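Q:
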Amino acid sequence: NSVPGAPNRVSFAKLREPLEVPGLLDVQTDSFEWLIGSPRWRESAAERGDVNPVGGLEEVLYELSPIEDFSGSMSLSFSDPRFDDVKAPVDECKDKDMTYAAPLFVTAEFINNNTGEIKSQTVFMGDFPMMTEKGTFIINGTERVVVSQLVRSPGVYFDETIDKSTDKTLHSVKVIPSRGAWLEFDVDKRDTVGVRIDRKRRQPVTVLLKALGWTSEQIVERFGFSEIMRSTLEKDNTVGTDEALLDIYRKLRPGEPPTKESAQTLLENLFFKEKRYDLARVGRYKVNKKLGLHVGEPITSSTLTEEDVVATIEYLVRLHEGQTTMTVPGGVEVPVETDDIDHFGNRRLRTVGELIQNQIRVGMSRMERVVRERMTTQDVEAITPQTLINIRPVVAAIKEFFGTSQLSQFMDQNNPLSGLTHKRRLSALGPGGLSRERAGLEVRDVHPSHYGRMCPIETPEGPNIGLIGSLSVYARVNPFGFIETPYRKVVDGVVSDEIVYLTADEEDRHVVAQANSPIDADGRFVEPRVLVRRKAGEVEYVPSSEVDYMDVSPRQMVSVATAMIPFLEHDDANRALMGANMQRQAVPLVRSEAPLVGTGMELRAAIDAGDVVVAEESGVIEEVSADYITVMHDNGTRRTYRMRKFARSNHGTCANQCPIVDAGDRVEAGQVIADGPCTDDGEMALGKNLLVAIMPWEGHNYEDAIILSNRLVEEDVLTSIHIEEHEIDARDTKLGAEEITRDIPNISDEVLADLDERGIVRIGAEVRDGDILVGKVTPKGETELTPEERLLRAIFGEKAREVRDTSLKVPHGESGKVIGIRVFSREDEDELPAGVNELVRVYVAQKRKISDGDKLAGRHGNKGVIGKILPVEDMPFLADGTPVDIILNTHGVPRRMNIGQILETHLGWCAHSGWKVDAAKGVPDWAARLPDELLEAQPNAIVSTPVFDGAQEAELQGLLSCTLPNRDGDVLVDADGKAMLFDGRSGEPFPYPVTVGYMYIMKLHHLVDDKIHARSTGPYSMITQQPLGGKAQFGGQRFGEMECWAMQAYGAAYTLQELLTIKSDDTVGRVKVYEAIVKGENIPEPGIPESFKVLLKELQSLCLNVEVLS
Amino acid sequence: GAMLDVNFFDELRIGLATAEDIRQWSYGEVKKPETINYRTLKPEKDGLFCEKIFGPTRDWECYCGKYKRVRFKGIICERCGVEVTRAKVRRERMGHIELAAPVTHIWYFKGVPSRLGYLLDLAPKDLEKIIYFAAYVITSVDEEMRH
Amino acid sequence: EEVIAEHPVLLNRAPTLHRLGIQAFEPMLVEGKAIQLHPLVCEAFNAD
Amino acid sequence: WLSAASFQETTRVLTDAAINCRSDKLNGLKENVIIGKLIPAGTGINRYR
Amino acid sequence: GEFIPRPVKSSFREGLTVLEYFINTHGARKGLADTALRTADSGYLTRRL
Amino acid sequence: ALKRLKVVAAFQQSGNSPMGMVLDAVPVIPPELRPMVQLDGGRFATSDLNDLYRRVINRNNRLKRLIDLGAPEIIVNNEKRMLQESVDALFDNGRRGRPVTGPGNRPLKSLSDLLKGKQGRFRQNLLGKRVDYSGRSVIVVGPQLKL
DNA sequence: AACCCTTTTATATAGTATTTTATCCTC
DNA sequence: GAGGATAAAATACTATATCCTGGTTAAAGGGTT
RNA sequence: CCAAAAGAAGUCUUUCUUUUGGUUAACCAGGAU
Ligand SMILES: [Mg+2]
Ligand SMILES: [Zn+2]
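Chains as they are written, first to last, in the authors' numbering: chain A, 30 to 1139; chain B, -1 to 145; chain C, 488 to 535; chain D, 1220 to 1268; chain E, 829 to 877; chain F, 292 to 438.
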């Protein structure tokens, strides 16, 4: 609606949306440009948090400096991080295997505290990787993505449990810091508030309380209101700061010398010092908020203070007593309650910037350690900042982050939606998070605080279910990492347009209504009773006077992938989850087609995915070609956009781009100027519209199978292009001189026909499995000083000619044209990894059609492999002779509760034939609220039904009742939506009408060509002589432990013996059985498997005398 | 009983292995932390891949190459010491390392219940102190001379 | 086609929960790359 | 001890068997499968074999 | 596990509202996670038996 | 006493002696079961047991040299302790103390780890195997077939 | 200026089994 | 008041279905040749 | 057990003789039923 050039897609939406969807990649870009401190982020923070704008690098450096020795006679400080221009643009970085990064310079200043001689320098701090405009990093040529992590916020967490013996409540607290020790108070069977400092052992709270310097009289003066505390104090045991300190010291130190002052050195070092204990800003904020401590003042320091600990103890005791509100001196009163660790006010988000910040922090920590170790050894009055700065740890940390982390993953580039969804992912598992095989069912559930902040539908189906989710459409992240949502605030029953962003707690306090509520054109609800959400997520009917807020719209709780399923409210959650997860597996097809019935989210997702070319500035087109577009801006300047033609993606698909503008058209800023892999004029198009019938047919569409027409193969409707990449390199080696050449030993000429004058195959030459792509030979080694031979090489001049052809061969089960050859070389001063002289890369392309066993799917979780592909003549055809394209089985629809597809089918037909509502004498009742411009549509019209505000059943029925004829005065589909089909195979009409329509089906990336495999004999493993595994080598199918029980149950002993002896690892039985088969003899008897002898040797290697008797 | 096994099989007895049995299995001693020479791609001598200890790396060939034919069999080269035979013997011949000081077996010490402790009636803590050189132990005391 | 006549072949689908997860069938050549399974054994294999 | 070692707790089973010097008679279905013999069930028993 | 007293009052033919769909997702995900854990446990139990 | 009598009677009834718990020689598995293979570019792929054997042999040779050369008892005890730890890491890595890690800060596989777990010898290689004359593929519906 | 050696706190529970240790009972 | 006996807690070890594919496999310092 | 080279015979392309050469693992991640 706002894009300059967009297709006109009419919508059934009734409501109006006050807020336009934000930038879908804002999370990544706005969390990175904070790390570097760009001017754009500074401006954004100015209109919000101008009090203290400081980037991540500034924070790390100013937490690091000053670096001083023990004597305090010299200091080193850092300041003013600075970035230069990127070394090379994105395309060159991706082409030449160059990481995309920019130089980093900082100002290192050294000051001598006994001479006043200052030495300032600009020190180079390494090459810092930079984020592209699409939210991806480019590391070693590959495009990687850093995932956001859901972690538990640091702070104080109270909780309650029940004891088996006492049968009474037991309360506990825990102060979990960021990079610090833990102190856990609690209350057990006999009333004894007990600390567990640093998870060592229980003690009375009085010991710690006194160690801080509190008199027993003071202890009973303040905490003298709980029987628990009075009992603990009156029976504590010891008294005196030194005595309690010594007790704590014994508890902490493992029988170390009981030095009194060491007690302080530990007590203050572990908690109150600002080097080993940190709460960060989020931790301090949460602690202050929970305990109602100093609020007016802002953050000034983050380290535990005695006031916080004593307030925590008071909070715990009062919670155990039964009170419901507390006030601490010098602070506001706060309610007394337990805390839930699954609440979204307690689960914060570490984004791409805050994750890089931690690695830079550890790198700077190692640099500081090296600096303060080198400070003393290097002579004084000879020290300059350049000398002490060891940069290797920092670059090592930055380099090991983006190669060996579970939060930095290869971008999923199956299609634009795959990448777009990958960038907006929140993973609960990773370094610092839970594990996939250790998490219970209480963390995989959907908390009622996720509404609008994380989609409840989209999530993995396997064992990751609940641990990985996707950020909702309108959600953002505030500075502390807590996700927010926009709400439209209602004042005195008047629904204003003041959008306010709230987090989980604020939403908890207030009452929130629904977006799809009867607004009466003046911001006033029609009826007083409207569904609302109360504090704990309870749903109730409240009179329309207590409501505080409303949702900005429906479609606020769903993510990008789930917002593209039409008629979502008619599908069950189980099927909607599958339908959403299967839209990111669809393969890009050669020719794309946008759906007839969508949801209006396709355009925005396509534009924000970044797979299209958008006119940067308005102008007029000068030249258009399949390779480039030239745009003449209004003021002289001309800009040329290049196209990605047949480029491979991370998952082996095609990445075509084609212009959609003419040589005379005038473009406008923000307009789409070139399509992408899965786009049709700027809108996402993952599949095709097919004419579908819903009948069972001869049992070929039995048990989730599908039947297709042969037309879809003849017309290349579902054809796709796949590209494979092969690499080989030349390396020095100690022997030296690895060469790429045609001269290969033991190779004839018929197998060297395609190779060109210097090895590599020719472009356009079709290859088969086993062929050679790059000829390469390496030294045979085995340098042997044979008298006659060696004396000839030395003086006579005989050459070595020791070669071993380690050529590049196309692996098993591959073929296709060679479309691209990219050859590097050390001669042309190309940048290669050390010790590599040459690098050759060959691309092989295949064009795959749809075939039996290929996996298809719709948008409603209706998957299924292709059972059969019938010829065009023997398919059910309409009265006018039109065959149907696909047949789906009836029995799967009503049982799985995804009736939405049927609705889509119906609407598809009305979108295909076109309709015209006859408002001759008043518009019909059912079309009373149907937006004008929908009272008539032309054939092949494109409509849209937003996810939770769309076409009603009455409107669908009405539209079905009035629809245009095809060519003559024939209406093929009646008012019920069903048409009379003819049996194309026997000729007789089917006795009853069938449901026909148009459905949008996609082609999943689970093709049979990659699944089929067979083996008779082949490679065998080395340690144990069992066959290999996998299709690439050859390998055999595993005959596991569970398949052996079935054979034993059958009683088949000989089959099991032959399977486990002469088919897997009887080294002589294999050859003997092969010879017996080829010679027609009887199969011989098995021997002993080799793995048993390997086991005996392994047991003997453990000093166990395993012997076999007789 | 059967050594390499021809598949007539009565029992599979297991037991502890004494140093004498360990030296009986071994065909030689490994006394050098060398694996392969990366200039001729041939195993080092007295290393973890020594051809004299574990056998030839190629069918019917010795280290010095004085013998390369099938006619030579079961004869140990007097120069290199490698026995001329098939290469599969490299899957069957074991070595041994002669420790300069005794060492305990972890299975019988760390594993719960500590079976060295039950045999000697020592708690795991003190036993761990003794074997890792953190405390002394009185291995004998003479009562006749005592009083 | 002369060789495979009356030569059984064992078909198996994992997980093999029970005995009838492995069954012997007489093979017959077909066009395509997918194995064709009789509809009445799907309950035994538990194979949709 | 072979079947027990292959079921669970390989280390504990192996160490206690070594201490006890246990001898295995190879009479179970699992042991015969491990050592590559004909299981004593169904078609592998003497009556039919 | 306790019932929501609301309750959901629309059939999937008419189409649920936003809140009803949200409160349905609870049971949906509970069932899926239960299924996964159940298949794992059944495999282990059969192995022991 | 009941717990102790188990091991005591175990060592009493049989002719074996408990002395097998304390080692004097360490056996070395044949090379073919811990192979190192050539990856193109002059690279080698070790078996992860060569590292542990080299760690044992280095300490053993160092201790032997320090004993023959003569040295104070403290250094000899330290070397013997490190040899004990090296042998323990060889037989069962990580059971006591910090696991010995190779490149990438990943623990090494000891001899015990070859037999324990779902990926151990017993369960993975002896009870189940990969076999010849096998294929796999996607299944479709065959309504025209006989049962 | 290039080899050889060396070395580098948490989202889990559930079940059982053995060693402290801490306190209570008995003489 | 001292010693033995029994609860308690405190740690130590074991286990958690099947199958497939794709990306990596060290650097830094000291001593020596 | 395969590949390359040379020699002989015949067939118009197979056989015989001699020489040379001639397979991995472990982790992490992502999917499927
Ligand atoms: Mg299935
Ligand atoms: Zn020799």
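The beta-carbon is built from N, C-alpha and C at its ideal position, and this holds for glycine as well.
Step through the CB atoms of chain A and report whether any lies within less than 8 angstroms of the CB of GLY843 (chain E).
A: What you label residue 843 (chain E) is simply residue 15 of the fifth sequence in a count that begins at 1. Interface residue, yes.
Q: Could you check whether the Cβ of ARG69 (chain B) sits closer than 7 angstroms to any heavy atom belonging to ligand 2?
A: Within the second sequence, numbered from 1, the residue matching residue 69 (chain B) stands at position 71. No, since every heavy atom of ligand 2 falls outside the 7 angstroms radius drawn around the Cβ of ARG69 (chain B).
Q: Would you report the Cα separation of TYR731 (chain A) and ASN918 (chain A), rounded to the nearest angstrom?
A: Stepping through the first sequence from its first residue, residue 731 (chain A) is reached at position 702. Stepping through the first sequence from its first residue, residue 918 (chain A) is reached at position 889. Using only the alpha carbons, I get a separation of about 7 angstroms.
Q: Taking the beta strand (DSSP E) that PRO158 (chain A) falls in, what are its first and last residues?
A: One-based indexing of the first sequence puts residue 158 (chain A) at position 129. Here the beta strand (DSSP E) through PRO158 (chain A) covers 147 to 158.
Q: Which residues of chain E have a Cβ atom closer than 8 angstroms to the Cβ of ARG473 (chain A), listed in chain order?
A: Mapped onto the first sequence, residue 473 (chain A) falls at position 444. What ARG473 (chain A) touches in chain E: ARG857, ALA861.
Q: Just to check, is the beta-carbon of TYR106 (chain B) closer than 7 angstroms to a non-hydrogen atom of ligand 2?
A: On the second sequence, residue 106 (chain B) is found 108 positions in, with the first residue counted as 1. It does not: the Cβ of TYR106 (chain B) is nowhere closer than 7 angstroms to a heavy atom of ligand 2.
Q: Where in the stretch 6 to 80 of chain B do unbroken runs of the beta strand (DSSP E), each at least 3 residues long, occur, reported from the N-terminal end onward?
A: You should have 9 to 11.
Q: So, with DSSP's three-state summary, where would you put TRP105 (chain B)?
A: Taking the first residue of the second sequence as 1, we reach residue 105 (chain B) at position 107. Helix.
Q: According to DSSP, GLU756 (chain A) sits in a beta bridge with which residue or residues?
A: To locate residue 756 (chain A), count along the first sequence from 1; it is residue 727. According to DSSP, which records beta bridges pairwise, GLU756 (chain A) is partnered with A:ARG870.
Q: What number of angstroms, rounded off, separates the C-alpha of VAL523 (chain A) from the C-alpha of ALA949 (chain A)?
A: Locating residue 523 (chain A) in the first sequence gives position 494, counting from the first residue. Locating residue 949 (chain A) in the first sequence gives position 920, counting from the first residue. Cα to Cα, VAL523 (chain A) sits roughly 39 angstroms from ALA949 (chain A).
Q: Should residue 1155 (chain A) be labelled buried (16 or more other beta-carbon atoms within 10 Å of its own) or exposed?
A: What the structure shows of chain A is the stretch from 30 to 1139, and residue 1155 (chain A) is not part of that stretch, so it cannot be assessed.
Q: Relative to chain E, which residues along the stretch 536 to 568 of chain A have a C-beta separation below 8 angstroms, given in chain order?
A: Those would be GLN543, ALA544, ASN545, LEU560, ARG562, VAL568, in chain order.
Q: Residues of chain B with CB closer than 7 angstroms to the CB of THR1229 (chain D), please, in chain order.
A: Working through the fourth sequence from its first residue, we reach residue 1229 (chain D) at position 10. Result: empty, since nearest Cβ-Cβ is about 11 angstroms, beyond 7 angstroms.
Q: Please go through the same chain and pick out, in chain order, the residues whose beta-carbon is closer than 8 angstroms to the beta-carbon of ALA983 (chain A), but skip the five residues on each side of it.
A: Residue numbering aside, residue 983 (chain A) sits at position 954 when the first sequence is read from its first letter. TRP955.
Q: What is the rounded straight-line gap between the Cα of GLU493 (chain C) and the Cα of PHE512 (chain C)?
A: Numbered from 1 along the third sequence, position 6 holds the residue referred to as residue 493 (chain C). Numbered from 1 along the third sequence, position 25 holds the residue referred to as residue 512 (chain C). When rounded, the distance between both Cα atoms is 9 angstroms.
Q: Identify every residue that forms a DSSP beta bridge with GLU138 (chain A).
A: Your numbering for residue 138 (chain A) matches position 109 in the first sequence. Bridge partners of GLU138 (chain A): A:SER106, A:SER149.
Q: Relative to the C-alpha of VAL174 (chain A), which candidate in A:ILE328, A:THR450, A:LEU44, A:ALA74 has its C-alpha closest?
A: Within the first sequence, numbered from 1, the residue matching residue 174 (chain A) stands at position 145. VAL174 (chain A) has its Cα closest to that of A:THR450, out of A:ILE328, A:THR450, A:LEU44, A:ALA74.
Q: Would the beta-carbon of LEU988 (chain A) fall within 8 angstroms of that of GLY943 (chain A)?
A: Residue mapping note: residue 988 (chain A) aligns to position 959 of the first sequence, counting from 1. Residue mapping note: residue 943 (chain A) aligns to position 914 of the first sequence, counting from 1. Not a contact, by the Cβ cut-off of 8 angstroms.
Q: Between the stretch 1 to 28 of chain B and chain D, which residues of the former have a C-beta closer than 7 angstroms to a C-beta of the latter?
A: Taking 7 angstroms as the Cβ-Cβ cut-off against chain D, the residues of the stretch 1 to 28 of chain B that qualify are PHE7, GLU9, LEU10, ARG11, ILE12, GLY13, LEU14.
Q: Give me, in chain order, the residues of the same chain whose beta-carbon lies closer than 7 angstroms to that of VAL391 (chain A); leave out the 5 immediate sequence neighbours on both sides.
A: Within the first sequence, residue 391 (chain A) is the residue found at index 362, counting from 1. Within the same chain, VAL391 (chain A) has close Cβ partners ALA426.
Q: By Cβ distance below 7 angstroms, which residues in the same chain neighbour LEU330 (chain F) in space, the five residues on each side in sequence not counted?
A: Taking the sixth sequence and counting its residues from 1, the one referred to as residue 330 (chain F) is at position 39. Excluding sequence neighbours, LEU330 (chain F) sits near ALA336.
Q: What residues in the stretch 1244 to 1258 of chain D have a beta carbon less than 9 angstroms from any beta carbon of chain B?
A: Under the 9 angstroms Cβ criterion, the stretch 1244 to 1258 of chain D contributes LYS1244, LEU1245, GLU1250, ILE1254, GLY1255, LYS1256.
Q: Tell me, please, whether the CB atom of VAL846 (chain E) is closer than 8 angstroms to any CB atom in chain A?
A: In the fifth sequence, the residue the question calls residue 846 (chain E) occupies position 18. Interface residue, yes.
Q: Could you please tell me which residues of the stretch 499 to 525 of chain C, in chain order, have their CB closer than 7 angstroms to any CB of chain F?
A: Listed by position along the chain: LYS520, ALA521, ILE522, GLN523, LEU524, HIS525.
Q: Strictly below 7 angstroms CB to CB, what residues from chain A border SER425 (chain F)?
A: Taking the sixth sequence and counting its residues from 1, the one referred to as residue 425 (chain F) is at position 134. The contacting residues are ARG1044, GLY1065, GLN1066.
Q: Closest Cβ-Cβ distance between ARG866 (chain E) and chain A: below 8 angstroms?
A: Residue numbering aside, residue 866 (chain E) sits at position 38 when the fifth sequence is read from its first letter. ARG866 (chain E) does not count as touching chain A.
Q: Quick one: grab the DSSP three-state call for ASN1251 (chain D).
A: On the fourth sequence, residue 1251 (chain D) is found 32 positions in, with the first residue counted as 1. The answer is helix: DSSP assigns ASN1251 (chain D) an H, G or I state.
Q: Can you give me the start and stop residues for the beta strand (DSSP E) that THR669 (chain A) sits inside?
A: The sequence position of residue 669 (chain A) within the first sequence is 640, counting from 1. Where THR669 (chain A) is concerned, the enclosing beta strand (DSSP E) stretches over 667 to 671.
Q: Using CA coordinates, which residue listed in E:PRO835, E:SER870, E:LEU844 is at the minimum distance from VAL976 (chain A)?
A: Residue numbering aside, residue 976 (chain A) sits at position 947 when the first sequence is read from its first letter. Considering only alpha carbons, the answer is E:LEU844.
Q: Run down chain A in chain order and give the residues with a C-beta less than 7 angstroms from the C-beta of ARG834 (chain E).
A: Looking up residue 834 (chain E) in the fifth sequence gives position 6. Within chain A, the residues near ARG834 (chain E) are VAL568.
Q: Once the 5 residues before and after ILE916 (chain A) are set aside, which same chain residues still bring their CB inside 6 angstroms of it?
A: Walking along the first sequence from the start, residue 916 (chain A) turns up at place 887. Hits under 6 angstroms: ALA722, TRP726, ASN730, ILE736.
Q: Compare the C-beta of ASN416 (chain F) with all C-beta atoms of chain B and state if any pair is closer than 8 angstroms.
A: Against the sixth sequence, residue 416 (chain F) aligns to sequence position 125. It does not; no Cβ of chain B falls within 8 angstroms.
Q: Report the rounded CA-to-CA distance for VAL649 (chain A) versus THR669 (chain A), giving the unit in angstroms.
A: As a first step, residue 649 (chain A) is located in the first sequence; it is residue number 620 there, counting from the start. As a first step, residue 669 (chain A) is located in the first sequence; it is residue number 640 there, counting from the start. C-alpha separation (whole angstroms): 12 angstroms.
Q: Cβ of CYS48 (chain B) versus every heavy atom of ligand 3: is any distance shorter than 7 angstroms?
A: Only ligand 1 and ligand 2 can be found as ligands here, which leaves ligand 3 out of the picture.
Q: I'd like to know if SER428 (chain F) contacts chain A, where contact means its C-beta is closer than 8 angstroms to some C-beta of that chain.
A: For the purposes of this step, residue 428 (chain F) is identified with residue 137 of the sixth sequence, where counting begins at 1. By this cut-off, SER428 (chain F) is an interface position.
Q: Which residues count as close to ligand 2 when the rule is a CB under 7 angstroms from any of its heavy atoms, in chain order?
A: Qualifying residues come out as B:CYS60, B:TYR61, B:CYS62, B:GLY63, B:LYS64, B:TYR65, B:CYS75, B:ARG77, B:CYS78, B:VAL80.
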